[PDB]
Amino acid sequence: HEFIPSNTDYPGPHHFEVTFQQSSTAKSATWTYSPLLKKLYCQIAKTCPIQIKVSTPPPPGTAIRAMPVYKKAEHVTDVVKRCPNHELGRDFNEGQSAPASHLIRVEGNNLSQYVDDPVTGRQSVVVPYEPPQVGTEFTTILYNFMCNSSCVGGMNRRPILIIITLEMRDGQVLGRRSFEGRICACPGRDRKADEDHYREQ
């Protein structure tokens, strides 16, 4: 019963926040994150490991959801899905358990469930929260983005926001992280150009 998913950040009572693994500063990296602009640059299909920080262990059954939304307040009501060209292309959507209409996927997990809202048609992927591996404190989730930010008919060059929520079994929103996501072929140069464009402006 939520048409326009709320993008506004909300650190849950468990200090909800997401960070990233020092993506290779080189222009060759398959992904990179800009904390200044708070935007994630990722190559299509290429795996993107996300660090999730949890300060208070949540009630078991609690899960994390990833949902793509549109940043353009004019397209914010439109559902984000894979490109119509990519929705069919046998390259990746032919052997994966993930539906070919979902933009975001999760690599390396079977408990991951892909859901299509019946009333809102919103695509999203959820995974039950896992305890940080022995020794470390952050948990890691591997996400895939099966569409460039420029694909024709899908997200026609219009930016998006990735909504990572921390829900419980019934669906109560506890923590909510958000960041703009740009999927391109050269995440490095695009990040650089966006930061330099950020200063002199």
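Note that residue numbering begins at 1 and tracks the sequence as displayed. Heads up, when I say rigid core I mean the largest set of C-alphas that superpose within 1.5 Å between the two forms.
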Completion exercise
Superposing the other structures by the rigid core, the farther-displaced stretch by RMS over CA atoms in 7 other deposited structures of this protein, of 92-100 and 73-81, is 92-100
Fill in the blank from the handout: in 7 other deposited structures of this protein, with the rigid core superposed, the stretch whose C-alphas stray more from the shown form, 18-26 or 177-185, is 18-26
Fill in the blank from the handout: For 165-173 versus 62-70, entry-based mean Cα B-factors point to 165-173
Completion exercise
Mean B factor on CA atoms, stretches 103-111 and 86-94, record says higher is 86-94
Handout entry: Selection by C-alpha B-factor (highest) of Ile50, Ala29, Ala45, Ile160
Key = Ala29
Practice task
Tell me which of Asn148, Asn144, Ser34, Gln133 tops the list for C-alpha B factor in the record.
Solution key: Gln133
Problem - Chain third (lowest, middle, highest) by recorded CA B-factor, residue given as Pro187 - result: lowest
Handout entry: Ranked against its chain, the third holding the CA B-factor of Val152
Key = highest
Exercise for the section: Sorting the chain's modelled residues by C-alpha B-factor, tell me whether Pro13 ends up in the lowest, middle or highest third. Expected result: middle
